[PDB]
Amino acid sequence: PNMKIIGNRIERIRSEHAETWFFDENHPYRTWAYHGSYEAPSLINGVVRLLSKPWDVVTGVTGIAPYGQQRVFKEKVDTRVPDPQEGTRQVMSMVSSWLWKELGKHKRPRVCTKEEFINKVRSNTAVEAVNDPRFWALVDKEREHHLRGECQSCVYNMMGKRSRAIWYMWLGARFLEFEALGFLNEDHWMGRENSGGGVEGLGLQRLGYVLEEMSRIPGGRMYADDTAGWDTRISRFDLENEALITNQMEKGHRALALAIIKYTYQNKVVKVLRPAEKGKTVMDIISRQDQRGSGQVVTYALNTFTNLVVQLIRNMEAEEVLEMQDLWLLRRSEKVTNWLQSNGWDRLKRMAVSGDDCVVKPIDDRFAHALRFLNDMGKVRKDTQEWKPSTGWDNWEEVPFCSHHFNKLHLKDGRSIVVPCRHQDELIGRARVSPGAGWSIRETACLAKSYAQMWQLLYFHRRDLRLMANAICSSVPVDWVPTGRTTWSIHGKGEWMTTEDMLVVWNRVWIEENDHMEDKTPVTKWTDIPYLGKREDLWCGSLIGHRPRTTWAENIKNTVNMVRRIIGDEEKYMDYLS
């Protein structure tokens, strides 16, 4: 616990709650430093709920909608992993340093501007803060501190969701992080063209083509191993290797970035709620020098970086460049440098890495049992036993990637398309959830419209979703603009957040701007656009044939009329069901 780095933030919080501040001698924190406590003080989308009655009795759908916060913390966040051996550490540094240099070959780091940040907040209480000059003054005071060598307010607010913990920060802390490290996103350092293995900037509509491209590279099976709680396994050594990017920055920019890396990444201070007696609630103040603070501006890019480093190392272990003697200490580094310069880029191209999600196509199946460095780095695989060899896939269409699987389908004319797919319950369940209280029928209907148009663009091949989306679009006024967000994923490019005709938008995305679509002939009607095969639609959770779903479909126009009565019969509506 570096008090000379975290003390100022702790004193600032203590001053703001001096009368209630206490030190709970019986706090539950084991692997987090405890500093003290103080006395601190979802909804359904009715439109989507009304048009999806068969999914009220489906637990896979309804399940999506301080006691719960502490549960997530004690189980997956309050853990400590042993440090990797010295040789593992030298290998991680060497590959990270090689990777930053490859990524920086055709790109130079740069500072991101106040106006770039504002153009971002206007694109996606929140909008009023950047328009107020008092916010930019607080930002300026915190930057002053950062350049001197201190931090007062870059403090996290942790919210547990019972699965994962989401770490919040005030808009000001995120602007400062964006200013110094946002260039990784804005300039696509993790884009496929620049990184080889990255997929940043590609929509879910292109990810299948990436996997299909990888399936054609000679080698072993495709491996898609998830790491159990990736963000909680980011070690202090991963953070120092990620911060090597500062060596490519000019002094001024370097000072801003080193401050972010020191206070937001490497010496975190966090506020967390905890249930107290007589229904009362406390806020604890805790600190940690490792783990990823999930939900931060460059979380995705940095996770992508470290994941590419982990897969290059696993491939080096598999190819026998690294042996079990290299874990304890790496005596000769020359073999690693030679493997990176000769094979580095070829191995990057055999990967698709999106944050903590990866698919690797190795040169043979020795990759399945190359686990010694993977386990020494603390990157333990999900659900499987630590030393049980990984199971790879033969069919790229069955490979999991970004919570999806990809399928080749055929248009009525014979052209093939590669579509994203996932279990329907997850999609319907997510669309039934509305974030925000006091929500007007307009905002709820507009969010419903965004979900329906997203389904039309990406999940058009699911029979239930095509029907449900058309009923939503028939119940919401035509001129009402879609609002909100249907996903947090960087693969959600929001082409559906528009009032442009969805068949025109489908054509732009699947035909015109699809490089994997050779023949550019437009598709002029929805019936030309295919569904999955009944067996596959059923496997991924379809209710086609199921009695309540059939009644739902038979009564759908009546249901649409009821929603139109509630929104208002004076509004203008289009019938997308006919």
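Only the largest set of C-alpha atoms that superpose within 1.5 Å between the two forms is called the rigid core. Numbers follow the displayed sequence, beginning with 1.
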**Between 188-196 and 115-123, larger RMS Cα displacement in 4 other deposited structures of this protein after core fit** = 115-123
**Request:** Rigid core fitted first, then name the stretch among 370-378 and 74-82 whose C-alphas deviate most from the displayed form in 4 other deposited structures of this protein.
**Result:** 74-82
**Prompt:** Can you tell me whether residue 60 lacks a model in a third or more of the other compared entries?
**Reply:** no
**Prompt:** Hey, does residue 498 show up as a hole in at least a third of the other compared models?
**Reply:** no
**Prompt:** Should the segment between residue 124 and residue 125 be described as having none, 1 to 3, 4 to 9, or 10 or more unmodelled residues of the deposited sequence?
**Reply:** 10 or more
**Fill in**
Stretch with higher mean Cα temperature factor, 105-113 vs 75-83, is 75-83
**Complete:** The stretch carrying the higher mean Cα B factor in the deposited entry, 523-531 or 52-60, is 52-60
**Complete:** Looking only at 38, 510, 539, 552, the Cα with the top B-factor belongs to 38
**Prompt:** Based on the PDB record, which member of 420, 197, 160, 482 exhibits the highest Cα temperature factor?
**Reply:** 160
**Prompt:** Taking the entry's C-alpha B-factors for this chain, is residue 230 in the lowest, middle or highest third?
**Reply:** middle
**Item:** Cα B factor band for residue 556 (lowest, middle or highest third within the chain)
**Value:** lowest
**Chain third (lowest, middle, highest) by recorded CA B-factor, residue given as residue 496** = lowest
**Request:** Please rank the C-alpha B-factors of the chain's modelled residues and tell me whether residue 333 sits in the lowest, middle or highest third.
**Result:** highest
**Message:** Per the entry's values, where does residue 274 land by CA temperature factor relative to the rest of its chain, in the lowest, middle or highest third?
**Reply:** highest
